[PDB]
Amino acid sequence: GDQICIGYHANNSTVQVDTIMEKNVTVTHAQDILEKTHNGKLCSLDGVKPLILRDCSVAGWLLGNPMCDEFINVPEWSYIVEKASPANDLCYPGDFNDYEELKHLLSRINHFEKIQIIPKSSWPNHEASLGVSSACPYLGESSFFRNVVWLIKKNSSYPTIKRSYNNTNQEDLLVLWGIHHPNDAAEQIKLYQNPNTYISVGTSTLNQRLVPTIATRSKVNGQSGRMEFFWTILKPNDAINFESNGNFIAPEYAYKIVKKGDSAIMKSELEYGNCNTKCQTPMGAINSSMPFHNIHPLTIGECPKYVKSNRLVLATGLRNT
């Protein structure tokens, strides 16, 4: 008697998958869908190199901390990389007003072009170079943030400043300026002559009046005084007007916003990897046709979807005998 049988496939495959009712089920064919590996470098993102801030904060960079001269002129970036606790931030102690809101605006910027808006040499009624602090040393001598000017009285007087700058560029300008808070009223007069001082600033949308608050503070980087910095975005064909009779830290250089697009500020201890990638995480780049990865949730680029799983494996075959 001739015989016919209905039968199925089996092989020497050992990969397991889970189901609701049963885990570690050995299946004849599976598909792993989780990417679990990376290169461990910070790579150019589709041919665009990131801006890697080394030991400088974003504040250190935009104000021109003398320890941050590597970023005096930065090329277009794909994304920016900043350490958890960069050593070089505000060399002279103080605060940066609405700092996080500025870092947020950066995630949306791809390129600046530094320009000189108020020359340091254009201050004939004051001292423009004097200017400096041991809290901000450069090559063993007293220095200061390079993008702003710490103006001090001249020949024993500080005439009231009325200065305006008109943005005659095509692009928005990031403008930065500040105020110095002295530790006593006798330091005040030593520095600015005028004991009662202010800084007014105005544009089409801005209207601020600063008064230096004097207090007795702990020393930070050897200083009891403080610098407080402010910024705004100046639209093309708008002007900024300044007025101060003391404590004014004037802008010298500003930033043309030449390129806007998709960016990010990535927190990573790593530095440039000299490679290319289409998907980068803080830990290293990913190159994968996988639809999921479990490397890190804050990535940049054309990335697989992040899950927190150890393993994700799709059974495609049948139970294996």
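Residue positions are given as counts along the sequence shown, with the first one as 1.
Stretch comparison (111-119 versus 153-161) by mean CA B-factor in the PDB entry places 153-161 on top. Checked against the record, the higher mean CA B factor of 217-225 and 189-197 lies with 189-197.
Listed residues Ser57, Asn294, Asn65, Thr277 were ranked by CA B-factor as deposited; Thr277 comes out on top. In the PDB entry, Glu100 places in the lowest third of its chain by CA B-factor. When the modelled residues of the chain are ordered by their C-alpha B factor, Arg209 lands in the highest third. In this PDB entry, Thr232 carries a Cα temperature factor that places it within the lowest third of its chain's modelled residues.
In this PDB entry, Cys43 carries a Cα temperature factor that places it within the highest third of its chain's modelled residues. Annotation for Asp69: C-alpha temperature factor in the middle third relative to the rest of the modelled chain, per the entry.
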